[PDB]
Structure formats: structure tokens, C-alpha cells
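# Structure at a glance
Chain by chain, the residues:
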Amino acid sequence: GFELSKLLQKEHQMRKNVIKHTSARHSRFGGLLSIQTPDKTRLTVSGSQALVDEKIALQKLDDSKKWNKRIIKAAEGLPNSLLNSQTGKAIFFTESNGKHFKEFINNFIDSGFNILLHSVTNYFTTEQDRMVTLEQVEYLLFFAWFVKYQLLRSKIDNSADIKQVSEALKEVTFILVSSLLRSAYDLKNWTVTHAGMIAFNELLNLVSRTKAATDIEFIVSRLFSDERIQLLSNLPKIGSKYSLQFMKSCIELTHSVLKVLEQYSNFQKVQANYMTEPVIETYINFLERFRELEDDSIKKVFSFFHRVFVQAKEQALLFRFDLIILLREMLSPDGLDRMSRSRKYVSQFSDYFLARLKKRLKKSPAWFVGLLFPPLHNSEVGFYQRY
Amino acid sequence: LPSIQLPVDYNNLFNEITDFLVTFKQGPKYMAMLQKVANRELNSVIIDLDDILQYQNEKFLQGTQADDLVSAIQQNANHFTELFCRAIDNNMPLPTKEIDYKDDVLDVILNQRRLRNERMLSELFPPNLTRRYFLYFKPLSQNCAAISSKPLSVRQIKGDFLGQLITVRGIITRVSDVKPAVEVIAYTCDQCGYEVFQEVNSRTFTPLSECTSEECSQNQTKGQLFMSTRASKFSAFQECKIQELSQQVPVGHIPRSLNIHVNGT
Amino acid sequence: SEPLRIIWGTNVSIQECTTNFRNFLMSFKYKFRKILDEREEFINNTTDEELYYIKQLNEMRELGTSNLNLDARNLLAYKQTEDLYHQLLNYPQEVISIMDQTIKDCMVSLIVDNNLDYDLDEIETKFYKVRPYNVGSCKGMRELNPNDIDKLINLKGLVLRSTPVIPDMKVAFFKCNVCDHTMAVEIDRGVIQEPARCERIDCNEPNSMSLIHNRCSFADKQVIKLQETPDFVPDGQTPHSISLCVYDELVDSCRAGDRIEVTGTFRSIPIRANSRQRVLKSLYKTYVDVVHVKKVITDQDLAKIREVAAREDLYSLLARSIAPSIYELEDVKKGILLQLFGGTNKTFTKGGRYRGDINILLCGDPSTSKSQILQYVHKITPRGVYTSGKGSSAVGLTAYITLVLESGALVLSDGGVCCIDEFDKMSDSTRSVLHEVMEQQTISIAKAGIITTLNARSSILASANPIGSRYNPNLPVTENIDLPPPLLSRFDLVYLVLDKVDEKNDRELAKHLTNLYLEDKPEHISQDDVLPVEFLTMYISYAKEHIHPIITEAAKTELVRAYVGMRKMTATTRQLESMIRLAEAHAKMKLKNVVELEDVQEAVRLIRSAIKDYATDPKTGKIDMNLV
Amino acid sequence: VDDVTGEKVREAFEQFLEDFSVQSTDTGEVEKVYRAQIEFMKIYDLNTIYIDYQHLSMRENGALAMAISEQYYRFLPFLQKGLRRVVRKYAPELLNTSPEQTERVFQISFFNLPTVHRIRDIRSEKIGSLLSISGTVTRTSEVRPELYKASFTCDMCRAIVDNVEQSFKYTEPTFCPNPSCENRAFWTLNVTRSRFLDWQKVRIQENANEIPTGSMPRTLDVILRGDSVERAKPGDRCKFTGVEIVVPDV
DNA sequence: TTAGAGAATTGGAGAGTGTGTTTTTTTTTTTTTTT
DNA sequence: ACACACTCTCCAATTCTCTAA
Ligand SMILES: Nc1ncnc2c1ncn2[C@@H]1O[C@H](COP(=O)(O)OP(=O)(O)NP(=O)(O)O)[C@@H](O)[C@H]1O
Ligand SMILES: [Mg+2]
Ligand SMILES: [Zn+2]
Ligand SMILES: [Zn+2]
Ligand SMILES: [Zn+2]
């Protein structure tokens, strides 16, 4: 009941948002408005609120226009799971059922997990060539769930321990998850690529747990041979085309990957490998659907933008116009809540962004035309363009 | 499909009209009225046919032939309201006194539209939209006299008289209260910011719903049209009914009646 | 420099209007209006310097109310808004919206600047509206012309009827059939802007949204029928009527028979030829879109009322002031005054309710000025009707089946005074209707498809002439009056007025009437000291509202003694109740809370005086004319 | 897309039905009256449940009562879903109405609301809310069957459509479900498989003693459904409760 | 890594076809013939 | 015959893919 009342407060806030765009007097009372541009050309818009609010008038003017550009669209042949559904939607339990299910999987983890994974993983190394898509996706989404659950339970309480899931780290299983991701990526089978992405994310998270406590550094050094850096750097670039879940998986994997190599102390070589146009394209394409996303993913995105803009000082990437629209949409009274933690990050970013943009634009007025288009790759002018 | 000859050419009568408006006197009579119209002091012009008969007689006595305009406008009265209006618009003098022109919405709208055309270049609208006056004919004096001077009872108005100018005697039975009637309707296009007009004559009409303007079309701007009262033109309307005197009804018959329409002042 | 907002087709800039009205709203003080008024001498320096509208806005905040009155003449007093007055009349729709958004912003600015405790969210949620009035000269209903369209108008008239409240949609609600995405959409210009495709990114499908009726948002609309007042009708014609559209706050304000003055935009619209197609007719409908309605307190008023009530000559002062130009007839005036005040309304938990209203009958010779007095009573009362005997049917006097029921004269006159003239001309069939309404103050109906009872708290003032058309002294009084006993018993006071010849009376009457013709528009009046009509109305209204007398033991003894004296000898049970009611009415007129011996004796005296009892032969019932 | 408020209201109303836990009329012992009422319904095969608004007002600081009061039309299906689970838990014999037996259409009812309005007080701002009204009955209609859920079969091919929803007008499918056939015409309503409800119209007018000065009484039309049809009688005085709605021009 | 040549998928312009439209009280004011 | 509802058809706009510099 308490959380229901709080949710009703949120409903009242949405109702308030609708009221702030609602006229007082009725729908046939309305007059007419004319707006004159520079060069003395005039437009026409109706409605009473347009008389007072120029922002609403400008938005309403463009909203009447008919056309929208038609749009491009990755997975089939498998029942519903995390791979192709929005998992921000729980399934609901009785109190007895909740405790009974918790008891079952807790006893399973404390009793059966390591022995089961050892047997099934030393099966599949001898049988990888003969596999079918079901068994790959099954293995990769059993791994992930149980490793993640044990990490959260030991985050909560000291009675649990991480040794219960420790069979995942030993070398054979690491090779097998790597091989599945490899073979799936090469043949362009994107569903198994997604599932392998999720599993490899959980392996890296578990490694970052155990290093915060011998062989694990050896496993890290073998996990980050140059070939794997090429693959893991390649991955976010292709994500621009695909469904929303794919891009989110890419983002979270990228965050974990870069953080582990931060705590390795090579680093400057690796980070420069990541920073270029198509990754930024994926990041902006993902970020503009913020109304569907969690509070945490936006923190991850703006962590990456802080890394690009402030630390690496590769400022030229973000001077592109569709980002400037997004900050208006997300920062306005329209979008992100006035008191959510996101607004702190967003405003603190936008201030510095516009400061540096002011400096750049006054130093070289050519960037006014630059802001519309991608950067220019010519040798003789491009170097001064980027800096 | 077929065609015929007729004894009347309207060019000659138009020339006679424009001479009559600028020459006749009892300065000339009607130029004073048109000056008052230009000054926004006067709303209606009443044409006397006695003046036209006098003008014809005087022109004849000066030794020149002239068309009998009086019978011409009695025979086919409807067409000549347009000819006189065009002549008045052509010959209208400029104002004598300041007017405070900015009170007129139509002036602002047409000035801005002309400026839009001027910038673009770096009939426009129907002439009825800017006629600030009304016009009526007054029949011949019987003591100078023609059918228009001789009253008819409501029974004597046969089907021969359709189109002519006549006089009727009788008692009024009922009168309606005033309500507006459209003459020219105005619209606004939302996307391209351009205005269009429509003229109404029949008892009913279909409003416009697509901006067919060539500039709007060539930009492929399939905008929406909306009606506006603030730049439309109305005119007052009233309907009545007249009925023959009871002491003129023949024996055994029921009295008859006619419908009358009234516009303007 | 920058793009500007312009009212369509005007070259009027909204910025100037907004700033000017803000300055006027936040700096006007009432002294300026008195500068425009006739004298600076009127000015109260202490009060008139105050910021009037800031005071009003503080009151609006702290009383939790949403609407602000504004008489337009204040716009002319303040120099910066002299031109805004004309722009208001010429462009109401835009200007009123500008004023609304100005008022709401000012209300927010007060709390944030003065840093008060009030919830900002609450004020942001509310709507605030201005309601201009006293715009200018009233306009005849028939004289509105097509050049007045979309300009502000002022009308006077009388209310005929009101339709029930109509729901009017304001916001639409859509829901996706396949994916259950929902959207709320704004209604403007009467057209629902339905989406082409479902706007969810992964469910971009055509024809996929659908409307849900009962989750929309609506608003109240009502239509009122206003009739032309008789003052303006052309010669030899019948009055016309016009229709008013009214919304939200003002919906249920007005009833049938009300007399009002309104202010609103005069609109016109097309109408379709048929419901199938977009074909419109050339003639346009017209109506009025009201924004304000007016009906046609202070400690100083209470001081004046209490001071006047202390005068010794109060009873004669009030009586002679209801009809100043009428000569003498003092007792008739006193009785009519006591009718105006009325008794006290009594209701029990069981045993019923007892009327406070008084019924009066005036009967006598012709030329005695009865109808002139009825004119005064018709115009003084807040609510009431005047009618004639030959003009009234049984249905028209009470209620009318039309399947809907409709009100008659006695129902429209509820809580007022109903004047009936030429009472002796209407038939026994029509007069039989008045028994139930006079006795019970209710109207029972039982006809095909309708059966109900209605309340009628109506006072009757009647006028008649005797049988034979001049009073015959050779017949008894009851035979001269000739009304049947069941109806004559229901009147509280019955007056005989007689055209007796007397040179002393005749010289005074002739001098009185001839003096009115010594001036073109006379200033002359019958008496030196009379109260103005407005203040007299204030006195009567306040005394009706606030004062409620009760009987005293001494009054009980006098009432029993007086009733037994008149009864023992014909007096009936109704004489007692009418005496009590008259004594109550007398008590209110002095602003007393108790009915006393003096009031009872005055009521007895007036009853004896009205019907000329002292001159009546006690046995034969004839009146000795010599004693008059 | 899913409404979180509906689910939370559903599974809070669930808890209210479970554990309102008022003490006995005579002793300090928890009685759990609504579970007992469900048992009573099981004993007598009833189909309606009565709830006291005062009991709901004191529950969980009154937020649930506010949500039910101000947005009844939104939340009524979720309350039905909440009650169905509890009746399944404690009395599964009531879920069904030999061959297979169709489901029981439960009805929730409320009483003892804070205040009673007049017919003259109905205003469009209150559309969709929970209210109570009183007046005198003047007319009643005969009981008629209303179509509640429909089922159709194609003429050109052997295919069936089921569980079509009606609202205010008689409504029919949009496509032939079998892709081997494209015919949209010639549907027929299967009276056996479809489900109906009882429906009655009654008409009321204001109480005579309440009419204001110089006015005349207004009227209203009221809909009765289920086990409450033919309860009203012409000429009687009655008190109603429900939600006011808005009906289109069909 | 750019770009240009060829193939496949989709949108809606717009042309065509068929269709629908005019058109026994019950209550209440008034004149008239009948007992 | 005059506005509408609905169906059918063709053509070119668009994105995707492969090849070579
Ligand atoms: N005492 C009087 N004071 C003033 N005017 C009087 C007085 N007595 C008579 N008149 C005049 O005489 C006329 C009386 O008109 P009226 O009001 O019809 O009297 P009435 O009582 O209605 N007679 P009637 O209508 O025949 O029954 C008016 O013109 C009065 O002004
Ligand atoms: Mg009189
Ligand atoms: Zn256009
Ligand atoms: Zn959808
Ligand atoms: Zn089929």
C-alpha cells in the first residue's frame, strides 16, 4: 500500500504535466495567431496557448507536417526469454511460493551448481561441432543467471559466499564460452552472439569480484590477448542497426571491459581503439529512447561520455547536432524528472559542453556549418579540423 | 450549343453609363455621392431613371443618336447592377479626408499579401470583397411616363415578367428578423501560411479543404485549410411576404401572395 | 531582431498588451477612477490609495477562488491602458486569454517573491479567468448587425427557460488495440486529431489506435433563452428572443422569470444542409457567448439602517414612501407595507408548515387609483408578476403540460408578490384554482404522464369593483363584494375604498393633480421627507433576512382576548392566524426579535379599519355613508 | 504495455479481502468477515459480494479507497482479477456456474458511501467516479438480454472466432482467421457459445420536497444489471449507487 | 576505406469502380351549431 | 450527377549487396 501511494503521487505528477498544456477556456473559444520571421514573412497557428508560449508554437508548427521517413529493422525460432523481450516486467509470487522457490534455488546453488557445470562443460568441449542453437543459448543463459544471482546474494549478506559458483572460472569453461562467442560472431548468427555477450559479461564481472579479495591474473592475461581486444572492440559498432536489447548488452559489456583494464594498473592503446564515430552513433541512437530505459543505464552512458569528452579530450566527436536536440528533450520539463538523480549528471555535463563549444565556435567560425555534418576525413585540413 | 443575334451590344451601353455618371447634373450629381462614398460617409447609391431619361432627351436635342438605356435596364434589370458597379469602381475618386485606414482588417491582409507577392517576384482576389457600398434603381416617375411606373396587383404578375423591374401594391403579412449571409469566404493554410478566398452565390456551398496554390503545391506541402470570420464578408438579409388587398379579390377566390427579399441598407 | 507574435490581421503585438496589463494589475489604485469621476472631493485619502487588485489577488489566494471581476472603465483611468480598452472590444478572444495568463503568472509571482508558505503546485494546477463587465452602452437586440460579429456586446432582458447541462468534450483518450499503448490528445476547433499510426516504436502499425469514451475529459455547457424587454419593442409588434451559450461556473445560475444584464461576444456559425455531407447553407446562425452575468453589506449601510429604525415617525415614513405620488390612502399603504415585510415561516418536525405570506384584496368604486398602486407594488418587489382577469386561464396561472411540464404565473412569482387586476372579471372556474394555492402554498397536479406537487410561496394582491360597478349602499357589504365565502375567507385584509364627495378633499386632490403639469418633467412630490427607493429596498431586504420575531405571553393574552371579543356576538379561526401573522410582520418592521402587546393591538386596529367596521350597522350589515 | 497501478491495486485489494481482520461483535477475536462471506456464497451459490466503504476507508491510510473512488472505471477489471484469485484459493467450487461449465461472472458491490447527491448535482467533472443517488421511480422497462461476449463462425470456410468484445454497439470480427479464406461477410453469432447478461432501464425524478424555489423537477435514466433487475417498482422511493457514464450516438 | 553499379522491396499516386440521395390518444385556446 | 467509400494497379523511390581502386 505504501509503494502504491507513492506511485499515485507519480501519477499525479503526470496529470500535472498534462494540465500545464491544457487551456482554461473551451475548445471553440480560440482565436488565431500570426508569427512574423526575419525577412517579414508570416506564419499562422491556432489555439489559445500558442498566443503566450513561443516554444509550444514552434513545436506545434512543425507537428502538423505529414511525412515521416520509413524505417529499417533480428532473432527467431526460440520461445520468449531475455534475448527478445523487455525484462523490466516481473512475474509475481505468493509469499509461500517466494520462500519455497528461494529455498529450492539456494539449495541448488549450495549443493549442485559446480558438479553440474563441470559435467556439462566437459561434455560440450568434446561435442561443440555437432551443436544446435538451442543448446548454445541454453548453456549461455544458465551460466549467467546463476553467477549473477550468487553475486547479488553475497553482496547482500555474509552467510553466502562466492566459492559456491567458483567452477565457472576454471580454464575449460572460459575457453568454451569464448569459442561459442567467436564462432557465433563469425557466421553472423546474432542470437547466439547476443547470448554469448551476456555470458561473457558475467564472467568479467565475477573476475572483478575475485580480484577485489593468483591464477585469476593468468586467466585475465589470456582473456585479453590482442585478438580478443579486436573482437570486443568491434562489437558496439555493429549494434546500431539492431533491437534495443542488443545495444544495451553492448554498453554494459563495454563498461565492465574498460573498468577491468582500468584496474589492471597497454591502456592508452586500448582506449584509443574504442573512440571513433560509429560507437558514438550507437550510443546516441540508444540514448534517445530514454523514456523506456532504467535510471542506471543513463549513468553508464554519461560515464562513457565523461570518458570521451573530459579525460581523453577527443572533444570533436560530440559536436554533432542530433545530440544537441537530445539534451533539450531530456533536460526540458518534458522528460527526466526534476528530482531524479539523472538530472544532476545531465546538467553538470551540459554546462561544460556548451562552455567548450562557445570557446571553439568563437575561435573558428567555420564550425557553424560543421555542426550539421559528420567530420571530414581529408588529410591536409582534417587534422586542424579535429583540433 | 446554338447561338443567335440580338439588337443590344453591351459595350455601347457601358460607354453610355460611364459618360452619364461623370456628366449629368440637375459639379455633376453623382460624383458628389461617390466622393462621399470614398470618404466613408455614405453606404448606398440610388440611381434615378428620370435622370437617364433627361440625359437621353438632352443628348438627342444636341443632334446626336443615343441608345434607349432606360428601357434597356427595365427589360433586363439584373445584368446592369454589375455594369454600374464596374463603372463606379473604375471612376471612383480619391478620398478628401483622413480615414484611419488601419481600422480595416482587409486592408492589412491585402497589403501583406501584396508584399508577399512583391518579395516572391524579387485576379488576386474577387472585386466583391472590397465594395463598401450598395446600389439600387428607382423607377420612372409616372408623371414623366412605362410599366415600372404603373402598379400591379399580385394577380397580374404573370410569368412574362421574370427578369424585369416592376412595381407591386399590396399589404404585408409577415416579416422575418435579420440574419447574416455570406458573400465572400476566407481561409488560412496552416503549413505554408497563405490565404485563399471563395465566393458564394447559390443558397448552398461546399467549403474548401485543400490548398491548391501553385507555390504550395510545388513545395509538395499538402497543408490544411481553416475558415476565418475575421476577414470574411457578410451582408444583412431579411425576408418578407406581401398579399393583395382584400377589396380587390375577385368573387369566390382565395388571395395570393409573393415573397420579398431585402439586402443592404 | 527577433521573431514577434502578432494577432492575426491586426499588427497588434502581444508583448505590449501583456506588459501594459501587468503594470495596470500590479499598480492600479482606486483614486484614479475618482479622478475620472466628477469630483476629487469624493476621495477618501486613506482607503483610495490602496492597491486594489493586489488586495483582490490576496483574497483570491486565501479564499481559494478562481475568478476576478473587472469593470472596463478602470482601463481608461490608467494612462498606459487607454488603448487596450478599444483592443479589448475589437479583439476579445485573444485579449481575454492574454489577461488570464497574466493573472495566473502574477499570482505565482506573489507567493514566490513574498516567499510565502502556499503550495506552488496547487496554484500551478488551477485555472484563473477574468470576467469583464460594464463595457459600455447597452445595445438593442434587433439592432445587432453583421458588422458586430466577434465584438463584445451588452444586453438587457428577461429569462424564459434553460436547457439541462450538456457534456462537452475537451480531451480525447486513445488506446492501442494490439500493444495497449495509450495517448491523450487535445481538442481544438471541434476536431479530434486522431493519430495515423501507433506511436510506440516497435508497434508502428496503421489503424491501430482506438477511442475510449468514458476515459475522456468533458466540460459543462448550457443554453439560456433570453427575451427582449418590452421597453424596446417596435410599435404594433411582439417581442423577440436570443439564445445565450454559457459554460462551467455560470451554468446553473439563472431561473425562469429572472431579469439580468449580460456581456459576451456576438458570434455566428454555419449550419449543414444534411447530416451526410459537408454541404453548408448560405444563411448563418447567430448567438451570444457570455462571459459575465449581472442582476439588474458595508458597516455604513448597517449604521444607516439602525439609525433610521430609531426614528419616531418610522411607520408613517415607510408607508408614505412606497408610492410617493399617490395622495392619502394611508391605511392601504400601511397594509401593503406589512405585506412586503411578511410574517415568519414556521416548520415543525410533525404537524406541518405554516405560511408567512399575506394576501390582500382591494375593492371599491372606480377612479379610486387601485391599479396605480398595483404598478408601484409590481415594480418594488424583487420578484413578481402583474396580470389581468380576462388575460388569465387556469393553466396559465399555475402550470402547463407541453412530455414536459412548464411553469405559470404563480410559480414564476414564488417568494414574491403576484398582482391580479380586474379580479371580478375572471370566471368561477378560473378563480377556483386559487383555493389550494392560497391555503397550502402548494400546487398538486395529476394528468396523463405527470403527477407531482410543487411549492408556491406566493403573495396575492387583488383588485376588483363591486357588483353593479359602483358601491350600492342599499345592499350589505358581503353582497356588494359578491365573492363566494370559501374564497373571501382566504384573504388576510379586505379594503373598502369609496368615492365620497367632499369639497375639502376635492380641493386638495385637484391642487395635487394639477401641480404635476406646471413642469415639463416634474420635480414636485407629495411630501417633503421620503426615502429613496434603493435604500428602502435595502431596509426591507435586510429586515426580511436577519429578523425573526417570536410571540410573548402578554401577546398571547391580548390575542385570545381580542379574538374572543370579535367572535362573541362573523369571525372564524382564520382571523386569529391572520392577526398573529400581521403582528409578526409589524414586529419585523421595527427590527425587534419579540412580538409584543403594541404589535397585536396595531394588527387588530388595522383589521378593524380596513373593512369599515365602525361605520357598519352591527345587525343589518349596511354602511352608513354619513359616517365615512 | 502494462499499467503498474492496476496490478498494485489488484494485489492490495487481494490483501484487504484476505486480512481485513475485524474483531468479533461480542469478543476480542479476529473474525475475517469477508472470507466468511465467500464461504456463505459457496454455501448458497451466489454471485455478488457486498463491501462496506467505511471498512475500505480505514485500510492502509485510505489511498486504496481514494484510487477506487476517483477512478472506478479504470480499476474495476483489476478488482475483479483480485477477487477471482481469492475465491480460487478458498472456494474453487464457486468459479464455475455433465458437460463443461462456464465461469461465474462475479459482481462487486459497495454501500454506506459518505454522502448522497441529487439528480440536479450530476456534473460532467464527476464522470467515471463512484457515487450514490436518490429519487422517485416513474418508469421501468422489461428485462432484456444484453450481449456480453460474442463468438462467430465463417460461412465460406470452417473457422471460428471467439471472445469478441462489444462495448456500446454490436461488433463483429475484422478478418477470417484461417489464411486460406479472405471472406469478411456472412458471419453468424453462435448463441450457444456466446454469453449474455440481464439488463433493465429505469427512469427517476427528483424528490418533491427538495425542489428549489420556482423550479421544476429534472429526470434521469438508470441502468440495472444482474441480480438487481425488477427490484425497483414505479412510484416508490429508492437509493442507488454506481458510476455515471457517457453514452454515444450509436 | 570510398564509391559506384546492379537488384530487390516498398508507397502511395492516381485511376477506376460502385454506391446513395428527392419525398389513438392527451392537453388547451377558440369559434360554431346544438339543446 | 454529385460527393464519398473502397479497390486495384504501376512505377520509381529507397536501401541493400557486390566489386574494384
Ligand atoms: N388619490 C389619488 N392620487 C393620485 N391619483 C389619483 C388619485 N385618485 C385618482 N387618481 C387618478 O385617477 C386615475 C385612477 O386610475 P385607476 O388606477 O384605474 O383607478 P382604479 O382604482 O384602477 N379605477 P378602475 O380601474 O376603474 O377600477 C389615475 O389617472 C390616477 O392618477
Ligand atoms: Mg384601474
Ligand atoms: Zn498552402
Ligand atoms: Zn501499438
Ligand atoms: Zn473463412
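Residues numbered from 1 in each chain as written, not as in the entry; some residues may be left out. Chains lettered and ligands numbered in written order. Part of a larger assembly, values for the part shown. Heavy atoms only, no water.

- Per the deposition metadata, cryo-EM was the technique used to determine this entry, at a resolution of 4.6 Å.

## As for the pattern of salt bridges
All names here are of chain C.
- Summed over the entire model, instances satisfying the criterion amount to 86 salt bridges over all chains.
- The residue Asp-529 makes a salt bridge to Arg-311 at a minimum N-O spacing of 2.9 Å.
- Classification of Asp-529 by relative accessible area gives partly exposed; the value is 28%.
- A residue is classified by how much of its surface remains accessible, and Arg-311, at 30% relative accessible area, is partly exposed.
- The closest approach of N and O atoms between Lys-346 and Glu-584, which form a salt bridge, is 2.8 Å.
- Relative accessible area serves as the criterion here: at 32%, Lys-346 is assigned to the partly exposed category. (Salt bridge = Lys/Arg side-chain N within 4 Å of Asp/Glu carboxyl O. Buried < 20%, exposed > 50% of the residue type's maximum accessible area, 1.4 Å probe, protein only.)

## A few points about the coordination of the zinc ion (ligand 4)
Residue and element names in this part refer to chain C.
- On the protein side, the zinc ion (ligand 4) has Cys-176 (SG), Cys-179 (SG), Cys-198 (SG) and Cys-203 (SG) as donor atoms, found 2.3 Å from it.
- Ordering the donors of the zinc ion (ligand 4) by residue number gives the pattern C-x2-C-x18-C-x4-C. Pair noted here: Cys-176 is in strand 5 (residues 166-176) and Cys-203 is in the loop between strand 6 (182-186) and strand 7 (209-211), with a separation of 27 residues, a long-range link.
- Judged by relative accessible area, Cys-176 falls into the buried class, the value being 1%.
- Residue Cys-203 is classed as buried on the basis of its relative accessible area of 5%. (Donors = N, O, S within 2.8 Å, 3.2 Å for Na, K, Ca; no water. Helix = DSSP H or I, 4+ residues; strand = E, 2+ residues; numbered from the N terminus.)

## Re the domain arrangement of chain C
All names here are of chain C.
- Each domain of chain C was delimited in the assignment, giving domain 1 (4-137) and domain 2 (138-296).
- For domain 1 and domain 2, the distance between their C-alpha centres works out to 27 Å.
- Taken together, the two surfaces of domain 1 and domain 2 that pack against each other cover about 1300 Å², and 54% of this comes from carbon and sulfur.
- In terms of surface lost to domain 2, no three residues of domain 1 exceed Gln-93, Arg-131 and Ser-137, which account for 34% of the buried area on that side. (Domains from an automatic or database assignment. Buried area = accessible area lost by both parts, 1.4 Å probe.)

## Concerning the interface of chain B and chain A
- Tallying the contact residues gives eight residues for chain B and nine residues for chain A.
- Carbon and sulfur atoms supply 45% of the area buried between chain B and chain A, which totals about 960 Å² over both sides.
- On the surface where chain B and chain A come into contact, there are one salt bridge.
- In this assembly, chain B and chain A are joined by five residue pairs in polar contact.
- Each residue belonging to the side of chain B that touches chain A can be placed in one class, and the counts come to one nonpolar, four polar and three charged. (Contact = heavy atoms within 4.5 Å. Polar contact = N/O pair within 3.5 Å; in protein donor to acceptor, adjacent residues only side chain to side chain. Nonpolar A, V, L, I, M, F, W, Y, C, P; charged D, E, K, R; others polar.)

## A short note on the side chain of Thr48(D)
Residues and elements named next belong to chain D.
- Of note, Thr-48 is situated in strand 1 (residues 48-52).
- One polar contact links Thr-48 to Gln-107, side chain to side chain, over a distance of 2.8 Å.
- Of the polar contacts made by the side chain of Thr-48, one reaches the side chain of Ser-109; its length is 3.2 Å.
- For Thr-48, the residues in contact, after removing those within four places along its chain, are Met-41, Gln-107 and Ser-109.

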